[PDB]
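Scroll down for the structure; my scribbles are underneath it.
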Amino acid sequence: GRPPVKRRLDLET
Amino acid sequence: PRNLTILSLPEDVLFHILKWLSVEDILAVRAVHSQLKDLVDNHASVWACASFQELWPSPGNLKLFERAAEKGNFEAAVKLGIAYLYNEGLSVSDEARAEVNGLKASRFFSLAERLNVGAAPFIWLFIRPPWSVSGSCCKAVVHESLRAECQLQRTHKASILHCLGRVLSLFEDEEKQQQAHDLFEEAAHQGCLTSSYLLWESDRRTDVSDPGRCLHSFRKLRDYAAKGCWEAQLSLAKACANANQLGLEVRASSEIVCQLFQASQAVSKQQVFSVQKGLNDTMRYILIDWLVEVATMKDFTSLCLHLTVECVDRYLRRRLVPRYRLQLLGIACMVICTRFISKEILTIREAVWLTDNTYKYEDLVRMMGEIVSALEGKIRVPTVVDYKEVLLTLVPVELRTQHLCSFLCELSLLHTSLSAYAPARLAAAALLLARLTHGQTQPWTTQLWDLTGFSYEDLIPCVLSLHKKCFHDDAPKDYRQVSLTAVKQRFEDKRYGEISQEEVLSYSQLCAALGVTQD
Amino acid sequence: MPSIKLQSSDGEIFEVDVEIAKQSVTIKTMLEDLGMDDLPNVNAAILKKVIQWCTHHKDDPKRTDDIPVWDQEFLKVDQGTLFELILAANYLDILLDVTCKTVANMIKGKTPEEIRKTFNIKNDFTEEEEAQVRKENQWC
């Protein structure tokens with residue numbers, strides 16, 4: 001939302 | 001013969017039924033009968049069309065990969081070469097890694113390109129610069145080995161020459177550039193469409209003096225575009241925009257633009273949703289958002305982002321992947337596309353980094369290899385950017401309208417409903433929305449009717465769909481209640497003139513101005 | 001105006017339209033060779049299902065989702081009927097890929113003995129062949 005680019009995307013609903 | 005069996009089937013039926021099974025299944029079926037074993041181990045087509053889906057060449061099963069690739073399989077050759085070069089999957093000692101790995105990878109890359117049919121050459125992107133600063137990286141080894149093979153190949157060497165020339169093109173050296181140009185000349189000598197077009201592009205920048213050379217260039221462009229190229233078609237669609245200097249009639253230019261504007265069909269659809277366990281398009285939105293952010297970081301053009309999204313969609317439609325691998329898919333696709341078209345690429349060590357080290361070097365290597373092998377080598381496809389460029393190089397419009405047209409062209413990436421329309425219709429509708437937003441008196445001109453080959457009534461639905469799916473409805477959020485705004489943040493730059501923060505009209509206003517009702 | 005006569009192996013005659021009959025390429029090439037441009041295993045039922053299949057698919061311009069309800073509800077009648085269908089199109093140049101996918105699914109996710117059981121194949125390898133298969137399957 002949001003955090004910076006480096007991330008582990010949250011796909012889970 | 002009341003109940004016919006697979007035993008007595010002819011050669012054609014057996015050939016077709018055995019060509020659509022994986023390697024494990026084809027090995028298992030080989031245990032049923034002796035005639036099946038004779039058919040499989042006698043006729044090379046069944047091996048030639050066999051998958052190697054989700055396998056990777058390990059020391060246990062190197063012989064299987066070699067046997068299948070050597071007799072007509074392209075996926076096996078690609079995977080074998082990539083494993084040999086990237087040194088993942090094969091237990092090669094560091095002392096003897098370089099030479100043996102380079103020769104094996106080069107031979108398998110050459111075989112992979114040779115077995116490719118009906119696609120532009122692509123194997124040059126796995127060995128493109130930048131290379132190792134110290135020592136000798138295996139990329140250079142396979143480069144020189146491929147050069148020697150081309151010097152010694154006879155069957156089909158034009159693709160190898162084109163790939164070689166594309167390799168040194170991205171080298172910042174005048175000598176390197178002359179060796180590259182020297183390369184597509186030798187590739188064009190034997191016959192290659194892309195090499196010839198690149199040669200022509202290297203000549204347009206050099207000599208623009210008299211209309212005679214312009215007519216020569218137009219003749220060559222017509223020759224290239226008539227055969228079926230893509231970059232040639234797009235380039236020819238603007239040399240007709242140079243209508244005043246170029247000897248020709250208005251009707252001919254209008255016909256050329258109409259031909260290139262009525263030769264596109266909608267491709268993507270809800271296929272991806274029904275081909276996996278589930279995506280719900282929210283995961284795709286997240287992934288494309290993240291890719292847009294990463295492209296914003298490293299100064300990546302619109303074309304490369306569009307190509308990455310299209311490659312992701314193609315692979316997702318072809319070979320299924322689990323949910324926890326989507327980000328790996330996106331990073332591999334960005335690496336592959338940036339290596340293909342751009343100049344500054346997303347290096348592998350950097351590529352894994354943005355994922356917070358969730359995945360590893362080997363996993364990214366495997367994903368890249370399988371992505372390239374699953375696309376058959378076709379990377380460049382029709383995209384909205386090309387038609388937006390061809391439409392905005394025809395009609396002279398103000399700069400703010402150009403920026404708005406670009407902004408609505410780029411907003412089609414996140415949403416998948418806009419795939420129901422061809423790129424031509426969507427680019428035309430984007431230009432129409434850009435013009436109507438600024439409130440110009442005449443949105444659609446007679447010039448536009450003669451050129452795009454479509455009328456207003458052919459474009460009302462597309463404008464409505466584009467505007468709705470871009471601005472209307474709501475942003476997908478579940479817990480943070482915060483809209484994903486990488487595209488908007490990408491277009492707040494001063495290089496785009498702070499375009500994204502300017503206001504736009506609503507759907508009701510657009511329908512009123514376009515003469516479209518609602519219910 | 002045009003009228004293409006058709007007869008079956010049992011002598012039954014059925015009327016079909018032209019555009020659907022244009023799907024088959026064997027009739028087209030035979031007509032072009034004979035200048036009239038412009039089956040040992042077939043009974044009335046087979047024609048009837050082929051007419052239904054062709055009629056239900058007219059707007060068509062892969063994966064195992066393109067199979068419709070009619071095919072998956074009619075291709076489970078008999079295996080030998082399915083074999084007669086594949087060589088059939090093999091012969092009429094038309095559904096070929098649909099049938100190939102349908103049969104291949106029954107083969108992929110099963111064990112060889114399951115294939116022997118379903119295909120009514122008693123046995124063809126004697127005692128001194130199972131060890132050779134096992135050793136030739138130890139490659140993976």
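Chain labels follow the order of the structure tokens: the first chain is A, the next B, and so on; residue numbering restarts at 1 in every chain, and ligands are counted from 1 in their shown order.
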message: Show me, as number ranges by chain, every residue of chain B with an atom at most 7 Å from chain C, counting only C-alpha atoms.
response: B: 3-5, 13, 16-17, 21, 25, 27-29, 31-33, 60-61
Keeping N, CA, C and O atoms for every residue in the selection just given, could you write it to a file as a compact mmCIF listing (two decimals), in the first residue's frame?
```
# COMPACT_ATOMS: atom_id res chain seq x y z
N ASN B 3 -14.51 -53.74 -31.42
CA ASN B 3 -13.90 -52.90 -30.40
C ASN B 3 -12.43 -52.70 -30.79
O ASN B 3 -11.56 -53.45 -30.38
N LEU B 4 -12.18 -51.67 -31.60
CA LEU B 4 -10.82 -51.36 -32.01
C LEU B 4 -10.01 -50.84 -30.82
O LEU B 4 -10.54 -50.15 -29.94
N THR B 5 -8.73 -51.16 -30.81
CA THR B 5 -7.83 -50.81 -29.73
C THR B 5 -6.71 -49.91 -30.24
O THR B 5 -6.55 -49.68 -31.44
N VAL B 13 -2.49 -41.23 -36.26
CA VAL B 13 -3.18 -41.12 -34.98
C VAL B 13 -2.20 -41.30 -33.82
O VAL B 13 -2.24 -40.56 -32.83
N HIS B 16 -0.05 -38.17 -33.46
CA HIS B 16 -0.71 -37.02 -32.84
C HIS B 16 -0.99 -37.26 -31.36
O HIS B 16 -0.82 -36.36 -30.54
N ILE B 17 -1.42 -38.48 -31.00
CA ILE B 17 -1.79 -38.74 -29.62
C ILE B 17 -0.56 -38.79 -28.72
O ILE B 17 -0.63 -38.45 -27.53
N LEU B 21 1.97 -35.53 -24.67
CA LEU B 21 2.21 -36.12 -23.36
C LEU B 21 3.60 -35.73 -22.87
O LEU B 21 4.53 -35.54 -23.66
N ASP B 25 5.23 -39.43 -18.85
CA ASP B 25 4.15 -40.24 -19.41
C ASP B 25 4.61 -41.02 -20.64
O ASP B 25 4.24 -42.18 -20.81
N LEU B 27 7.62 -42.06 -21.29
CA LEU B 27 8.42 -43.18 -20.80
C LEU B 27 7.53 -44.27 -20.22
O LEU B 27 7.78 -45.46 -20.45
N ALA B 28 6.50 -43.89 -19.47
CA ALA B 28 5.60 -44.89 -18.89
C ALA B 28 4.86 -45.67 -19.97
O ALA B 28 4.75 -46.90 -19.88
N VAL B 29 4.35 -44.98 -20.99
CA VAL B 29 3.61 -45.65 -22.05
C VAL B 29 4.51 -46.59 -22.84
O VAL B 29 4.06 -47.62 -23.35
N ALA B 31 6.22 -48.79 -21.89
CA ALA B 31 6.24 -50.10 -21.25
C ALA B 31 5.04 -50.96 -21.61
O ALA B 31 4.91 -52.07 -21.07
N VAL B 32 4.16 -50.49 -22.49
CA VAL B 32 2.91 -51.20 -22.77
C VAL B 32 3.10 -52.29 -23.80
O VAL B 32 2.63 -53.42 -23.63
N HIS B 33 3.81 -52.00 -24.89
CA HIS B 33 3.92 -52.94 -25.99
C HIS B 33 5.24 -52.74 -26.71
O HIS B 33 5.89 -51.70 -26.59
N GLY B 60 21.60 -36.73 -13.04
CA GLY B 60 20.95 -38.02 -13.18
C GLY B 60 20.35 -38.24 -14.56
O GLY B 60 20.39 -39.35 -15.09
N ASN B 61 19.78 -37.19 -15.14
CA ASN B 61 19.02 -37.30 -16.39
C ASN B 61 19.55 -36.32 -17.44
O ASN B 61 18.79 -35.61 -18.09
```
Can you pull out the residues contacting residue 101 (chain B)? Cut-off 8 Å, using only C-alpha atoms, and skip same-chain residues under 6 positions away; I want them as a compact mmCIF listing (two decimals) with C-alpha atoms, in the first residue's frame.
```
# COMPACT_ATOMS: atom_id res chain seq x y z
CA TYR B 84 25.23 -25.28 -18.78
CA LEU B 85 25.86 -21.52 -18.92
CA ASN B 87 25.80 -23.41 -13.95
CA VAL B 92 30.52 -28.79 -12.69
CA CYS B 138 30.92 -18.05 -19.56
```
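For residue 5 (chain C), the set of protein, DNA and RNA residues having any atom at most 10 Å away, when counting only C-alpha atoms and skipping those fewer than 5 positions along the same chain, is residues 13, 14, 15 and 16 of chain C.
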- prompt: For chain A against chain B, which residues fall within 6 Å using only C-alpha atoms, given as an NGL selection string?
  reply: :A and (1 or 6-8 or 11)
Keeping only N, CA, C and O atoms, take the residues you just selected and write them out as a short mmCIF file (atom, residue, chain, number, x, y, z; two decimals), in the first residue's frame.
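Saved as again_35.cif:
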```cif
data_model
loop_
_atom_site.label_atom_id
_atom_site.label_comp_id
_atom_site.auth_asym_id
_atom_site.auth_seq_id
_atom_site.Cartn_x
_atom_site.Cartn_y
_atom_site.Cartn_z
N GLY A 1 0.82 -1.23 0.00
CA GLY A 1 0.00 0.00 0.00
C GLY A 1 0.85 1.26 0.00
O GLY A 1 0.27 2.33 -0.30
N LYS A 6 11.03 -2.87 -2.34
CA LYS A 6 11.52 -4.15 -1.80
C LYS A 6 10.38 -4.68 -0.95
O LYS A 6 9.96 -3.96 -0.06
N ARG A 7 9.91 -5.87 -1.25
CA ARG A 7 8.73 -6.40 -0.59
C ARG A 7 8.56 -7.86 -1.00
O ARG A 7 9.16 -8.34 -1.96
N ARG A 8 7.74 -8.58 -0.24
CA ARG A 8 7.19 -9.87 -0.64
C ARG A 8 5.69 -9.67 -0.79
O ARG A 8 4.98 -9.53 0.21
N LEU A 11 -0.33 -11.85 -1.87
CA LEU A 11 -1.33 -12.27 -2.84
C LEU A 11 -2.59 -12.77 -2.14
O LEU A 11 -3.70 -12.67 -2.68
#
```
Spatial neighbours of region 437-442 of chain B, max dist 12 Å, only C-alpha atoms, sep filter under 4 positions, as a count of residues only: 32
- request: Give me the residues within 10 Å of residue 186 (chain B) as a ChimeraX atom specification, counting only C-alpha atoms and dropping any in the same chain fewer than 3 places off.
  value: /B:158,161-162,165,180-183,189-192,195-196
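The two atoms in question, CA of residue 145 (chain B) and CA of residue 380 (chain B), are spaced 27.0 Å apart.
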task: Please identify which residues in region 220-365 of chain B DSSP calls alpha helix (DSSP H) from the backbone, and express them as a ChimeraX atom specification.
output: /B:220-227,231-239,250-261,271-275,282-297,302-318,326-340,348-353,361-365
